[PDB]
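Only one chain is given next, in structure tokens, and it is the form deposited in one PDB entry.
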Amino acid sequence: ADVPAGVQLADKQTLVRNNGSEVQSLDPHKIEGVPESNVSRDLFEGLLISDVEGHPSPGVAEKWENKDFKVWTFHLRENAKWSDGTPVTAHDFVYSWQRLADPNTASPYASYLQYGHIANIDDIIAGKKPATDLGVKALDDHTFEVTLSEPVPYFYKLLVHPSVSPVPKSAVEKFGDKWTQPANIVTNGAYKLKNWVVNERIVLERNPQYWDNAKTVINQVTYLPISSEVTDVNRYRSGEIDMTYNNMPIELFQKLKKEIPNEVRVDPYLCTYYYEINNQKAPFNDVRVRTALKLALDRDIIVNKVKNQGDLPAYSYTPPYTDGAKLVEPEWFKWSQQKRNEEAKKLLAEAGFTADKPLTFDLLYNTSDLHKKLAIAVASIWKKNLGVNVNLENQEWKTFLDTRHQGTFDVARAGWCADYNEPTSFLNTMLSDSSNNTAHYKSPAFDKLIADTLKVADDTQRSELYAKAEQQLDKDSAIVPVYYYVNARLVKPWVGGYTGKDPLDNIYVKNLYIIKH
């Protein structure tokens, strides 16, 4: 943390953050969500990290070079250590990226190495070559070299993500799936794991072996798993929570802006809220049905009337303000809702649905006051506008993600936030073979458009291809875009270091500090 001249620090440097839900895991290769990544950034540190404003910056690698954007060489700082005192080396990264790639690990983020185009990853994911053929090597203990199959000028931006953080081989190998328990885990970030009580709390304590430990200020941070946004706000206002999770309750938000304006942080956020359609399950394999659902949803009611927190009506998957996005707003988005409603009704009537044999399906969401309120509103809008019936179903976070991967669903509430600020951080998840493709969308036309983006060495041609890829996605109505998020959360006045400037919201508790109060 960089504490400004003249700020008086509190004697007690502890922080309590709400984290939305119980994490899927603390293993960097088994996680895919925001709550998981929130904890992962304090415990495991990769090659690069985001600074306090979100720019990719030195992490374990103090400096790096690239040859033709294909061969990337990372110079690892000599004093990088794990919490047990042992050095962090390039061998740790070699083992770790191989483990990520290995199909036996079944990482939801195995395809992150396809997004970076690391040599031989397609063959490794497919079981054709062993994980040891991945194009990574330790040239020495402090030098990690990555070889890509084609030039990727933005490759280094990918490297702040938890899936490419190192994991300690000896603990993994010795304890298997219990390696992340507090008695066994070993970490290389600014913190170490102290306590982990499922559905209660995660408590982290400063890691004195962290190379940048002298600049860490917070000695202990607790992450809570509260999925009720009302409850989070309540325990924030009671004094227990210093930073809410960034999901705000419809019940209280308007009141909060008038009651504690200075605590209500609202900043840009590269995330999209949408209804994910299971594209492989009838009748959702019919484009007429998917298009009907997309068009009948009334974003103006949802965004400005029911939620009204500053979100923007969405017409794409990639947020339009992503670095490199130059998207074309489709003509349907400019129509009246009435006109969208008629076309929708028309498509379902065309698809064989009637008042007597209507369209009935489930709407799955992760337990939340916000998602439940939005799902009820969407259910009523779809009922009223299109005559479709929906059965709402909530599931806890971890189970919810597994259901989507399983494909044991119809429609699910969903949100995707960028892992790196470039359109492919969204678009790559809709590739036929992506491990993150829970829409189960498979389009050769879409796959080809994205494959072509690294076959040109021109930024405008690349941006035109992303725009066309979004148009392919939209034409197929793979999903139902709802709104682009704003990052809205409450932060006590004594919490220093949170700028709100990072559109990815990659917070590190090592950058924060408690002001005397």
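The first residue of the sequence shown is number 1, and the count goes up from there.
A second form of this protein, the form deposited in another entry, is not displayed here; the remarks below concern that form.
Novice: Which of 362, 461, 486, 436 lies at the hinge where one rigid part of the chain turns against the other between this form and the one not shown?
Specialist: Hinge position among the options: 486.
Novice: Can you tell whether residue 57 sits closer to or farther from residue 324 in the other form than it does here, judged by CA atoms, where the change is 3 Å or more?
Specialist: The answer is closer, because the C-alphas of residue 57 and residue 324 approach each other in the other form by 3 Å or more.
Novice: Shorter or longer C-alpha distance for residue 57 and residue 456 in the other form, given it differs from this form by 3 Å or more?
Specialist: Residue 57 and residue 456 sit closer together in the other form.
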